[PDB]
């Protein structure tokens, strides 16, 4: 029977720390993993196999699951290295956020579920694995943070959430520099530029609960734009976000995709973020979100809440700094910190 157990500041052996809250305080006997990562999991959280029975036995309410698959990719590979940069970047932080007064780790009973396996060269089978693995987290009673890998991730991700939602309704939020709405790309329905049409195909995902935010510039063929016009799906371009204000736009959009739905899929491409803050991309783009706006959007998302959050296309090998991996850490942390602060305000549990 599975137990949710972690060592504060990682290290066991003769100098192991044991305080129940030591993980939210300055380390006491040693430096933890702030300099040398050791055997780090996401957030230092317990490892838990993507297994509905183990996840439920641990009582985990957030599963971190890496989907490093980067061969459903029409631009260039590299996103298979994202999850390792992310996990390593969380050793630079505590799981306590003073901006929310929340211990993220114990509030959600976060677990790290490892990586989804891949079948190189086989986009069909690799996406099938992702759906099977995501399903185990959902059936375990947890909400999910999915870390890519290329933007094919919402295809199996939203399919798994769609099946799990059953006769209820699912919303779909896609945040991206690119509209990602090719009906097919060279005949292929399930590349990383088709998250949105494949979501609209889901039997319980309706156009009025779908939306796209952040688009700009000309890596956006006309059929991708035609998709939103022809199906009446609201697009909020980056220029509109700038003109009207992020908060106004984001709040309107979260209200739309959540209206009368039972669950929400939120996919977030790192190239929605301005290239000055996010060089580690397959397709980095100017005219994007600024650093403080990324954190603002993550807080706003946390206020409304989603069932699955996915973050894709991080390519740490393209960045000589830590700015890109640490940006993705803060996307996740501020989402969770804001989510916890909201739940606690509502008298609700995760």
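Numbering follows the first chain given and starts at 1.
As recorded in the PDB entry, 253-261 is the stretch of 253-261 and 144-152 with the greater mean C-alpha temperature factor. Once the C-alpha B-factors are averaged per stretch, 218-226 and 110-118 rank with 218-226 first.
When the C-alpha B-factors of 233, 83, 89, 160 are read from the PDB record, the largest value belongs to 233. You'll see in the entry that, of 308, 312, 65, 40, the Cα B factor peaks at 40. Among the modelled residues of the chain, residue 99 sits in the highest third by CA temperature factor in this PDB entry. Ranked by C-alpha B-factor against the other modelled residues of its chain, residue 78 falls in the lowest third. Ranked against the other modelled residues of its chain, the C-alpha B-factor of residue 197 as given in the entry falls in the middle third. In the PDB entry, a CA B factor belonging to the highest third of its chain's modelled residues is recorded for residue 320. Per-chain ranking of the deposited C-alpha B factor places residue 279 in the middle third.
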